[PDB]
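Protein chains in written order, with the deposited numbering: chain C, 6 to 213; chain M, 6 to 213; chain K, 6 to 213; chain A, 6 to 213. Quick reminder that beta carbons are idealized off the backbone N, C-alpha and C, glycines included. Some notes on the structure that comes next.
Number of protein chains: 4
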Amino acid sequence: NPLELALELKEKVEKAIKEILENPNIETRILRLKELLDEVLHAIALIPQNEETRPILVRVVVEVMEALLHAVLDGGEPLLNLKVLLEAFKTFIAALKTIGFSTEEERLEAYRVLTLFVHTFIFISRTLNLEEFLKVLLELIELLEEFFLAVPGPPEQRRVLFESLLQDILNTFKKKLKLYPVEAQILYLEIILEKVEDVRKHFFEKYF
Amino acid sequence: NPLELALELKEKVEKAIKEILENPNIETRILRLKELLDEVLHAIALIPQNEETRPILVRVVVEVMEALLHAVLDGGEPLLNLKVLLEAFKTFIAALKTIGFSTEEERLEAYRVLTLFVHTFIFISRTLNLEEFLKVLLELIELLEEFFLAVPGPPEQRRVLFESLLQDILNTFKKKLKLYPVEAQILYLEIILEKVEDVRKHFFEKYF
Amino acid sequence: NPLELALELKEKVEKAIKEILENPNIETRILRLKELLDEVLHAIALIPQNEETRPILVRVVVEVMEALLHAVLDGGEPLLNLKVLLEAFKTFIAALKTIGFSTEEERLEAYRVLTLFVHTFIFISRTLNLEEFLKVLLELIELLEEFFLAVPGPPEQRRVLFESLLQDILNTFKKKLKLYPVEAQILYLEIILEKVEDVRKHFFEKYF
Amino acid sequence: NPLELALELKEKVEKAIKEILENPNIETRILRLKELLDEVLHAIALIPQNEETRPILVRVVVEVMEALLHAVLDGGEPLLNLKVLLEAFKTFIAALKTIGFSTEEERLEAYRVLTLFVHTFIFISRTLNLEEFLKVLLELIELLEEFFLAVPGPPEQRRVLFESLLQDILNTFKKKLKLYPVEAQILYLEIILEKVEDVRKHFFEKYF
Ligand SMILES: [Zn+2]
Ligand SMILES: [Zn+2]
Ligand SMILES: [Zn+2]
Ligand SMILES: [Zn+2]
Ligand SMILES: [Zn+2]
Ligand SMILES: [Zn+2]
Ligand SMILES: [Zn+2]
Ligand SMILES: [Zn+2]
Ligand SMILES: [Zn+2]
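Below, the structure is given as structure tokens:
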């Protein structure tokens with residue numbers, strides 16, 4: 006019966022998270038959390054999927070991702086943390102795709118997780134230099150587009166959240182750029198604005 | 006149901022403001038209030054929006070902005086406070102645009118908040134020197150134009166309030182300018198008068 | 006047929022300007038207008054060139070440049086706006102060179118655009134410090150020389166307009182310099198006077 | 006009959022483009038587009054060449070290259086996309102040489118595609134470091150020379166477009182160099198100016 010499998014997977018994930026959080030090494034915590042996320046994805050892949058189990062899997066994946074975000078916020082080199090965050094976010098999108106969403110509560114949970122991820126990524130990536138900043142920001146924008154193409158729902162919130170998150174990214178980029186001479190402003194502002202306009206156009210063509 | 010979500014968001018914001026206010030550090034209070042404003046915006050973004058929730062969201066945003074203005078008025082460096090005020094007020098326009106306005110009470114509350122913001126900004130920016138003074142006054146005028154383009158309503162009040170606020174800004178600018186030799190008067194008076202004339206022309210073309 | 010191509014280019018530019026002006030972000034407006042100028046230059050390059058098309062190309066370029074000047078006058082950091090104005094003016098000179106100039110009406114339109122550019126540049130550059138002021142003023146004088154060498158016509162107007170514009174620049178420079186102690190007067194006044202005398206001598210040798 | 010072969014090749018290419026654009030992975034999209042371009046070249050190689058088929062082949066090659074440019078603009082490591090762009094542009098030149106050019110419309114289409122390629126390449130290569138920037142710019146200039154030697158036509162447009170593109174490259178190079186200390190300016194400005202002067206001299210000797 007699928008429901009019992011969902012409960013046993015939930016308990017297994019809870020014990021695994023409790024074990025991993027106990028470890029003193031922060032980098033070890035991050036790596037084991039990423040591996041746990043991948044194993045959770047493979048576990049959902051095997052479990053039968055239906056109405057009742059779907060919210061259970063959604064919640065368990067949300068707990069894993071939130072725990073990983075909190076752990077990656079504690080310590081570590083910023084670049085390694087950002088790369089692990091990107092890989093984990095790709096796995097998160099894949100898990101959300103295979104699970105599928107029906108109820109509104111799961112949609113709101115995923116949207117909250119996305120907002121938390123965006124804020125955490127911006128906060129961590131604040132400390133880098135210019136080139137890595139631009140690279141990670143472009144990767145974040147692309148993954149944002151992929152996630153908004155992954156979760157189906159009403160288009161109004163789909164538009165509002167995308168606009169708000171792109172505005173957050175632009176504000177952070179401008180804030181960072183104001184620390185550099187006038188010449189770099191032109192180049193990097195042009196690059197970021199063109200990328201944002203392109204992704205906005207792609208999304209607006211999609212939802213129509 | 007949207008209403009219960011509105012109430013619960015209100016309560017969360019109330020204890021959030023209460024907690025943050027007990028913090029001893031001033032700069033921490035300002036920064037966390039700005040974070041709370043942004044998170045509130047993202048919260049309304051997800052909250053289903055209809056007739057009854059609209060006033061509740063307007064009230065909670067008004068309380069957050071008023072608390073931030075009072076906290077900013079207490080202590081801190083002038084320029085940093087002004088920049089945080091500008092960012093938070095831009096977020097305020099974004100939140101008001103997302104919410105939408107129907108009733109007159111919400112409109113009057115928004116106009117009162119705008120008046121409070123303008124007076125506080127002028128009072129704080131009084132202490133700076135002419136270059137930063139002129140800069141902050143210019144983006145203050147631009148953000149005034151954006152806000153008055155954001156909230157729809159009757160045009161007579163939208164004209165009278167704009168004229169009064171521009172008069173306040175001009176009086177403050179003249180008061181500050183009267184401390185320096187005659188040469189600066191010409192240049193800076195010309196700059197400010199041209200800017201205010203241009204924004205007035207833009208608004209008067211808009212509402213017609 | 007060249008005439009139909011000129012008309013379709015005109016129409017494309019009009020909707021391009023209409024779309025661009027709609028955007029809320031000021032910096033995006035400025036950058037996209039600069040790209041529109043460059044693409045207009047490239048389009049004119051391919052367009053077959055003859056009598057009737059010349060006025061049409063002169064108009065469309067004039068409208069694009071005027072819209073960019075008005076947009077730049079609205080908002081933005083002074084230095085970035087000035088630099089974008091410089092590159093746009095270089096593109097404008099190149100476009101005027103490739104188009105060719107026969108009729109008097111197009112000449113008067115080009116001279117009016119040059120006067121507008123000079124006044125706007127002076128007004129915007131008023132707010133900078135001495136070093137940036139000197140740099141931007143010297144670049145402005147050099148591009149003025151290039152433009153007056155780009156558009157052929159009767160030499161009396163080419164002399165009178167050059168003298169008037171140089172006088173405007175000198176008056177603005179003196180007005181700005183009167184804010185600072187006596188020592189800076191000697192240095193920067195000497196630099197600007199020598200530059201102006203040199204460019205005047207070059208032009209007067211040229212037209213003879 | 007050659008005409009039916011041209012239509013069937015057109016339909017095959019449209020179906021292939023539609024299939025490739027569907028793929029989620031961006032790098033796969035780029036690679037399959039490049040392979041499609043090469044296979045298209047081999048297809049025209051076998052296709053009998055005459056008057057009516059020539060415009061059809063020009064159009065289909067233009068669509069393939071435009072789709073590849075748009076896909077390359079979406080995502081990927083900049084250096085990889087630049088190298089793929091260089092290889093695809095070489096293939097594009099070879100295809101244009103094999104097809105031949107008689108009508109003016111095909112010439113204008115090819116020139117527009119060249120302009121799009123130059124702008125996209127400059128925009129993408131903006132983000133690299135100094136040495137890679139210089140290398141890719143030199144390869145771009147060389148391929149520009151080859152393309153302008155590939156498509157025959159009137160020499161006036163051949164001159165104007167070359168001058169405009171070289172000016173674009175020089176402006177971008179100066180803009181990037183303005184981010185670095187004074188010593189690097191000398192060396193790299195010298196290298197780029199000598200290269201562009203040499204290629205201009207070669208072209209001017211050619212067309213005479
Ligand atoms: Zn795996
Ligand atoms: Zn922590
Ligand atoms: Zn936010
Ligand atoms: Zn107080
Ligand atoms: Zn007042
Ligand atoms: Zn160009
Ligand atoms: Zn204006
Ligand atoms: Zn092959
Ligand atoms: Zn795209």
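- Where residue 144 of chain K and residue 174 of chain M are concerned, what is the direct C-alpha to C-alpha distance, given to the nearest angstrom? The alpha-carbon atoms of residue 144 of chain K and residue 174 of chain M are separated by roughly 34 Å.
- Task: Examine chain A for any beta-carbon lying closer than 8 Å to the beta-carbon of residue 50 of chain K, and answer yes or no.
- Result: It does; some Cβ of chain A falls within 8 Å.
- Message: Less than 8 Å between CB atoms is the rule here; does residue 101 of chain K satisfy it with respect to chain A?
- Response: Among the CB atoms of chain A, none fall inside 8 Å of the CB of residue 101 of chain K.
- Task: Verify the contact flag: residue 47 of chain A, CB atom, against every heavy atom of ligand 8, threshold strictly below 7 Å.
- Result: Because some heavy atom of ligand 8 lies under 7 Å away, the Cβ of residue 47 of chain A counts as near it: yes.
- Answer yes if the segment 120–129 of chain M comes into contact with the segment 67–74 of chain M, meaning at least three C-beta pairs across the two stretches below 8 Å, and no otherwise. yes
- Among residues of its own chain, excluding the 5 on either side of residue 105 of chain K, which ones have a beta-carbon nearer than 8 Å to its beta-carbon? 54, 59
- Query: If contact means a Cβ-Cβ distance below 8 Å, which residues of the segment 118–140 of chain M contact chain C?
  - Reply: Of all residues in the segment 118–140 of chain M, none comes within less than 8 Å of chain C when Cβ atoms are compared.
- Message: Does the distance between the C-beta of residue 124 of chain A and the nearest non-hydrogen atom of ligand 9 fall short of 7 Å?
- Response: no
- Message: Using CA atoms only, rank isn't needed, just tell me which of K:159, K:131, K:154 is closest to residue 195 of chain M.
- Response: K:131
- Message: For residue 120 of chain A and residue 117 of chain C, what's the separation of their Cα atoms in angstroms?
- Response: 44 Å
- Message: Distance cutoff 8 Å, beta carbons only. Does residue 46 of chain K sit that close to anything in chain A?
- Response: yes
- Item | Where residue 129 of chain K falls, given that 16 or more other Cβ within 10 Å makes a residue buried | buried
- Residues of the segment 191–202 of chain C with a CB closer than 8 Å to any CB of chain K: list them in chain order, please. 191, 194, 195, 198, 202
- Message: Can you check which of these residues, A:98, A:33, A:161, A:190, is closest to residue 213 of chain A by C-alpha distance?
- Response: A:161
- Query: If you compare alpha carbons, which of A:191, A:192, A:197, A:183 is closest to residue 171 of chain A?
  - Reply: A:197
- Item | Euclidean distance between Cα positions of residue 51 of chain K and residue 113 of chain K | 26 Å
- Taking buried to mean at least 16 other C-beta atoms within 10 Å of its own C-beta, is residue 185 of chain C buried or exposed? exposed
- Nearest to residue 64 of chain A by CA position, among A:167, A:108, A:78, is which residue? Here the closest residue by C-alpha is A:108.
- Task: Out of M:34, M:95, M:84, M:17, state which residue places its alpha-carbon closest to the alpha-carbon of residue 62 of chain M.
- Result: M:17
- Message: So, with DSSP's three-state summary, where would you put residue 131 of chain K?
- Response: coil
- C-beta contact flag for residue 49 of chain C and residue 100 of chain C at 8 Å: Yes. Within cutoff.
- Item | residue 103 of chain K: first and last residue of the uninterrupted alpha helix (DSSP H) it sits in | Where residue 103 of chain K is concerned, the enclosing alpha helix (DSSP H) stretches over 83–104.
- Cβ neighbour criterion (16 or more within 10 Å) applied to residue 33 of chain C: exposed
- Leaving out the 5 sequence neighbours to the left and right, which residues in its chain are closer than 8 Å to residue 39 of chain A when beta-carbon positions are compared? 73, 89, 92, 93, 96
- Query: For ligand 7, any of its heavy atoms closer than 7 Å to the Cβ of residue 198 of chain M?
  - Reply: no
- Item | Residue-level contact to chain M via CB, residue 184 of chain K, 8 Å cutoff | yes
- In chain order, which continuous runs of the beta strand (DSSP E) of length 3 or greater are located wholly inside the segment 30–61 of chain C? You should have found no qualifying run.
- Message: Between which residues of its own chain and residue 207 of chain C is the CB-CB distance below 8 Å, once the five residues before and five after are set aside?
- Response: The answer, listed in chain order, is 150.
- Query: Do residue 137 of chain C and residue 84 of chain C have their CB atoms nearer than 8 Å?
  - Reply: yes
- Message: So, under 8 Å CB-CB, residue 142 of chain A and residue 178 of chain A are touching, yes? Tell me the CB distance rounded to an integer number of Å.
- Response: 6 Å
- Task: Name, please, each residue of chain M whose Cβ falls closer than 7 Å to the Cβ of residue 107 of chain C.
- Result: Here the premise fails: no neighbours, minimum Cβ distance about 17 Å.
- Query: Given that a residue counts as buried once 16 or more other Cβ atoms are within 10 Å of its Cβ, and exposed if not, what is residue 87 of chain C?
  - Reply: buried
- At 8 Å on the CB atoms, spell out the chain K contacts of residue 71 of chain M, in chain order. Under the 8 Å cutoff, chain K gives no residues; its nearest Cβ is about 26 Å from residue 71 of chain M.
- Query: Can you tell me the Cα-Cα spacing of residue 134 of chain K and residue 140 of chain K, whole angstroms?
  - Reply: In a straight line, the C-alpha of residue 134 of chain K is about 10 Å away from that of residue 140 of chain K.
- Item | N- and C-terminal bounds of the alpha helix (DSSP H) containing residue 157 of chain C | Element bounds for residue 157 of chain C: n/a, residue is neither H nor E.
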